[PDB]
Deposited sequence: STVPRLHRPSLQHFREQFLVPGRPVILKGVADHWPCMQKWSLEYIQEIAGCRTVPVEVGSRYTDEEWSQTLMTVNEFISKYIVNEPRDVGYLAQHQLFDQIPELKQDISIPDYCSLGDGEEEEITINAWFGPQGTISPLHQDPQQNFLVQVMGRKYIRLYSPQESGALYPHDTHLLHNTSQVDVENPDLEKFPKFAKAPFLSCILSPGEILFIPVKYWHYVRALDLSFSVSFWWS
């Protein structure tokens, strides 16, 4: 079913109805006028960040190249393969860019310290896929450019998601959400979920340990805030 959308909810309403019970929600009217929303474009990103080295996930492999090279090879025209500048602390690397975002006020409801919040960039073409997995902190995923299809499964449903059987990968599902092998993973079919298309200016709250799967529908840039 669709993730609820709420316009600028109070801190206490967000706390009581979403944060404490661990329920996803999309926050509207919160990040929609951050400077990134109007400023970020391929040209702006090239100008500010083009010469800097970033990690890129290809396919599968992991490599390093400049932001300019990433755009040239994996974003524009007709890329050979899907590449994704995923899960990278770009704003620590480039303080000028950090000026264009801010910490959501709702993070103050956490028990953690503000300067321990991990801020990651997720920048890539249409068609990037982050397979179903769970993270160990709360997340506000802020959509800046393009749209993402997102599927969410509660931690209560872990038994239907067939986690990998190693410590390193136990927070990742073995299932391909959008084309599941139901002969091998029959329990997956029945597991309930939420989904949404997250659009520019919207923030998705992904509760701590909620399983999430993410596919970019367009050229996309998201910023995640991992907080406690």
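Parts of the chain sequence, as deposited, that carry no C-alpha coordinates in this structure: Sequence range with no C-alpha atoms is 60-66 alone.
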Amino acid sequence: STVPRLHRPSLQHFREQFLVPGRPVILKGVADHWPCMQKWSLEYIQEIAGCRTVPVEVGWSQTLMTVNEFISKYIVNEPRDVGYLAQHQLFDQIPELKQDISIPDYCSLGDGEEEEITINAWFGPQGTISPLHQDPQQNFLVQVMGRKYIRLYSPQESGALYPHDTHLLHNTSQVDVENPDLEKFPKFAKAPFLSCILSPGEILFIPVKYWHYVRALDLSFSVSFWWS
From here on, numbers count along this sequence of modelled residues.
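Think of the rigid core as the biggest set of C-alphas that the two forms share within 1.5 Å after superposition.
Higher-deviation stretch (C-alpha RMS, rigid core fit) in 5 other deposited structures of this protein, choosing from 29-37 and 60-68: It is 60-68 that deviates more in 5 other deposited structures of this protein.
Stretch departing more from the displayed form, 72-80 or 129-137, Cα RMS in 5 other deposited structures of this protein (core fit): Farther from the shown form on average in 5 other deposited structures of this protein: 72-80.
Stretch exceeding the other in mean C-alpha B-factor - 21-29, 8-16: Per the PDB record, 8-16.
Mean Cα B-factor comparison, 198-206 or 162-170, giving the higher one as deposited: Result of the comparison: 162-170.
Given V177, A191, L64, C51, the residue at which the Cα B factor reaches its maximum: So the option with the highest C-alpha B-factor is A191.
Highest-ranked of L132, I101, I117, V76 once sorted by CA temperature factor in the record: That would be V76.
Chain third (lowest, middle, highest) by recorded CA B-factor, residue given as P125: Middle third.
For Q137, the third of its chain into which the C-alpha B factor falls: For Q137, the deposited C-alpha B-factor lands in the middle third.
Chain thirds of CA B-factor: placement of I94: Answer is middle: the recorded C-alpha B-factor places it there.
Chain thirds of CA B-factor: placement of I150: Within its chain, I150 is a lowest-third residue by C-alpha B-factor, going by the deposited values.
Entry-reported Cα temperature factor of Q143, expressed as the chain third it lands in: For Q143, the deposited C-alpha B-factor lands in the lowest third.
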